[PDB]
There are 2 protein chains.
Amino acid sequence: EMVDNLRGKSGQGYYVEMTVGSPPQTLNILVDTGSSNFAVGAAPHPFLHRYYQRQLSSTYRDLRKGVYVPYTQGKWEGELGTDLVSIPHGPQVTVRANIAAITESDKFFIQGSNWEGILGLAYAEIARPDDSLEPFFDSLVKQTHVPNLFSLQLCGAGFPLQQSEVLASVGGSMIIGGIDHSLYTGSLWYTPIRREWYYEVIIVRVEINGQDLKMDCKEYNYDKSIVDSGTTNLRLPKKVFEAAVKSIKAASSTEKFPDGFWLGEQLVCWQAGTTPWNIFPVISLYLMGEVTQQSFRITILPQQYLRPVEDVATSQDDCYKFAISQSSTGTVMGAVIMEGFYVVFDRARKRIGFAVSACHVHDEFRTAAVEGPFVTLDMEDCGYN
Amino acid sequence: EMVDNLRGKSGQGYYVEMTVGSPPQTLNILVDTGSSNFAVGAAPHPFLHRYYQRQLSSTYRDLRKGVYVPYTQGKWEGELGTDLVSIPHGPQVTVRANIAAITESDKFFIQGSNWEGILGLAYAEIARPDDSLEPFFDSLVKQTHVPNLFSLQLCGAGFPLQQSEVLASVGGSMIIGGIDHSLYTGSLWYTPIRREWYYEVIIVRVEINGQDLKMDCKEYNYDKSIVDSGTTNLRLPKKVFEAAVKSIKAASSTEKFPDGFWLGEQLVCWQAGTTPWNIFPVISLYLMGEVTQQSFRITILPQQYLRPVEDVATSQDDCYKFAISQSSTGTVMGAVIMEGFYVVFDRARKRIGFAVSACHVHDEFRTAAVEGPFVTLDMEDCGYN
Ligand SMILES: CN(C(=O)CC[C@@H](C1CCCCC1)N1Cc2cc(Oc3ccccc3)ccc2N=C1N)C1CCCCC1
Ligand SMILES: CN(C(=O)CC[C@@H](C1CCCCC1)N1Cc2cc(Oc3ccccc3)ccc2N=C1N)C1CCCCC1
């Protein structure tokens with residue numbers, strides 16, 4: 001029913017079909033756990049397949065307020081309204097929610113992409129222009145008996161997605177209100193959401209094919225550590241990045257490659273038949289557990305951090321980006337982490353659960369894993385203030 | 001002659017008119033000291049006014065090599081060639097240089113912008129795909145008697161630039177081969193380029209309306225510190241950023257404003273007639289001088305770090321971005337720093353000189369300044385490895 005309701009790209013994000021207004025207008029909306037606004041294209045920007053036409057809806061109501069969201073040299077800007085929203089491949093209910101009608105933008109929409117708005121599933125406190133603008137999911141829970149949780153299985157699997165292989169090779173599932181046991185194996189292990197703004201969690205130890213990085217663990221969460229479906233890469237604060245980089249470098253001497261590859265300034269390339277996965281180490285993050293002194297680890301492969309970028313001449317040349325990178329925003333657990341796992345955003349219990357995804361990419365030697373319990377101390381002082 | 005040869009925006013960069021091929025094709029090219037490729041639009045992307053048509057030029061030569069330049073979720077990609085380049089409002093000479101013909105891109109070109117390529121004036125070692133691709137300015141110096149230096153005066157002044165106020169309100173000067181005394185007052189003070197890759201310099205002390213930040217000075221240059229005409233903001237490593245932020249916050253209590261403003265997640269707004277400049281502190285960077293134990297300081301105002309963003313309803317509401325921000329790439333001295341000064345990229349002597357620009361924005365109370373000499377110790381260990 002809601003299984004397989006997501007399409008598009010690890011690399012251009014995952015989008016769900018929604019309806020807005022009466023009669024219902026269908027749009028593809030990117031699912032974004034790193035933000036808190038529901039915002040849709042409202043004018044004919046050339047890159048968009050479609051856009052919200054308020055004229056055509058009886059339930060539209062103006063809030064007479066504008067909103068302006070700068071990000072990194074780009075922006076979007078819009079006018080705030082409310083209307084009636086549904087999700088065709090979601091729970092059978094209709095909510096009135098805030099909608100930012102996007103009317104100007106730069107470096108927001110992506111040419112070639114097939115989605116036309118964003119669903120921010122994170123918390124009010126990061127809602128623009130301010131926390132009073134009640135986020136969609138809050139609204140969906142206030143106005144119905146749908147339970148206060150959702151889960152995500154991000155796949156992006158078989159062979160490279162495109163624009164009739166973005167439509168017709170559907171890349172994962174959003175289960176609204178629940179958890180489906182068919183989407184994972186073993187058990188869920190749960191880390192507490194440290195605060196309800198982004199989905200902040202505390203990472204307490206990092207390992208690369210076995211080897212601790214013996215750093216203050218305040219530096220794994222420096223500024224913050226977050227789970228974010230709108231981000232493609234595994235992103236790591238400078239010190240941890242440089243440190244991880246060096247030991248990923250060391251673990252990897254088996255074969256060799258250039259400086260700027262590690263910094264995402266050039267991309268990497270070998271023959272097909274001839275991917276060298278073994279010379280790459282597993283990455284392991286330990287996260288804070290539900291109990292004092294107890295952690296669990298999730299473990300990902302290079303399958304998920306060396307992630308195909310769209311071929312030289314769709315040939316047999318294989319070209320990927322190192323999907324780990326730097327940040328001054330904290331640790332960002334994006335699709336590289338998420339496509340390893342079924343992720344349960346248990347908002348009622350203030351926690352995030354992780355299990356091994358039933359669709360994750362692997363082989364026969366290794367695998368993605370979730371394992372505990374482990375004994376780890378001074379865990380909440382891995383945080384930052 | 002070359003005075004006033006630059007147009008466009010602090011915010012969409014500065015561009016110079018160039019010609020490529022025979023007969024000569026005119027293009028607007030962004031001047032970028034943070035990169036090392038000469039790269040121009042080569043196909044009809046909708047955002048471009050014009051583009052390089054190799055078909056039309058007899059002197060074009062194919063190098064049969066491609067190049068692919070990922071940056072932050074965006075990219076450009078091109079095919080490498082050489083042709084004959086001139087600069088109409090520059091030294092009267094013609095060079096054969098490398099040209100990357102751009103054939104695919106994402107989040108590179110800007111809609112509304114009026115430039116169509118980039119001139120990278122920095123060093124080979126950061127030339128894509130590799131250092132063997134000889135940068136334009138190297139080529140311009142190998143093939144002529146034009147001296148090995150250029151200087152820049154970035155203004156962006158009177159009233160807000162646009163698209164007939166981007167054309168017709170010309171925002172600064174690039175003097176190729178020389179230095180014009182009419183563009184500055186007082187004297188040039190010179191900091192050594194620590195290494196020829198980017199224009200890396202070492203910052204040795206920071207002050208805010210007088211008050212040191214008493215941090216290790218290894219952290220002002222953490223990763224690196226660079227002078228970059230392609231960047232709009234003053235950008236500062238996390239620790240220095242947070243630390244600068246806090247004392248900019250403290251100096252500024254006089255009046256008050258929100259959390260996310262400081263983080264560029266929302267923008268700031270007051271009445272006209274009613275800009276409150278005084279409640280903002282000067283920023284002072286000390287940089288390494290040409291002599292052991294000796295530094296000099298440059299000093300900028302909020303005029304240059306609180307920088308107008310394009311009006312609510314072109315009204316009297318005044319709305320600006322805090323132009324200082326975070327990085328994991330090092331310190332980046334962009335237009336906020338540069339529009340304060342005439343900047344001399346003295347490549348032959350391996351140094352960068354700074355003087356007070358004759359066009360910089362100020363008032364009657366304060367001013368931008370260049371001052372020395374100062375006594376500062378342990379200066380080269382402010383560097384990083
Ligand atoms: C391409 N996208 C991103 O790169 C999102 C970056 C990501 C941040 C979240 C905080 C930690 C660092 C990574 N975000 C932030 C975000 C920003 C945003 O505002 C604009 C405005 C103009 C241009 C671009 C972004 C909107 C949504 C955000 N959600 C995040 N996960 C976007 C692509 C749109 C879909 C969201 C991700
Ligand atoms: C909008 N632009 C930038 O934001 C440039 C960022 C700036 C970096 C330099 C290193 C320190 C951190 C700031 N750069 C890097 C740079 C990257 C680049 O490659 C792409 C590829 C696709 C999309 C965007 C950029 C090309 C030139 C660069 N030069 C810098 N100063 C660009 C806008 C194009 C004009 C250059 C600045």
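Per chain, numbering begins at 1; letters A, B, ... match sequence-line order. One-based numbering, in listed order, for ligands and for the atoms of each. Just so it is clear, the values below take in all heavy atoms, side chains as well, and ignore hydrogens, waters and symmetry mates.
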Atoms of ligand 2 close to [X] [distance to a heavy atom under 4.0 angstrom, numbered from 1]:
| X | result |
| --- | --- |
| B:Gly74 | 22 (C) |
| B:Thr231 | 7 (C), 13 (C) |
| B:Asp32 | 27 (C), 28 (C), 29 (N), 30 (C), 31 (N), 36 (C) |
| B:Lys107 | 23 (C), 24 (C) |
| B:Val69 | 19 (O), 21 (C) |
| B:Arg235 | 12 (C), 13 (C) |

Kindly identify the option in [options] whose heavy atom sits closest to [atom].
| atom | options | result |
| --- | --- | --- |
| atom 26 (C) of ligand 1 | A:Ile110, A:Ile118, A:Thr72, A:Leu119 | A:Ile118 |
| atom 11 (C) of ligand 1 | A:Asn233, A:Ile226, A:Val31 | A:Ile226 |
| atom 32 (C) of ligand 1 | A:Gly334, A:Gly120, A:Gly230 | A:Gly230 |
| atom 7 (C) of ligand 1 | A:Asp228, A:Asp106, A:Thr33 | A:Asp228 |

B:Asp228 side-chain N/O to B:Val332 backbone N/O, donor-acceptor pair under 3.5 Å: no
Tell me whether A:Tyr220 contacts the main-chain N or O of A:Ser225 through its side chain, where contact means a donor paired with an acceptor under 3.5 Å. no
Any carboxylate oxygen within less than 4.0 angstrom of a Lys/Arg side-chain nitrogen, looking at A:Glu125 and A:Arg195? yes
Are side-chain heavy atoms of [X] and [Y] found at a separation under 4.5 Å?
| X | Y | value |
| --- | --- | --- |
| A:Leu285 | A:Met333 | yes |
| B:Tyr384 | B:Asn221 | no |
| B:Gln111 | A:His45 | yes |

Identify whether NZ of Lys or CZ of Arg in A:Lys224 sits under 6.0 Å from the centre of the six-membered ring of A:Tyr198 and within 45° of that ring's axis. yes
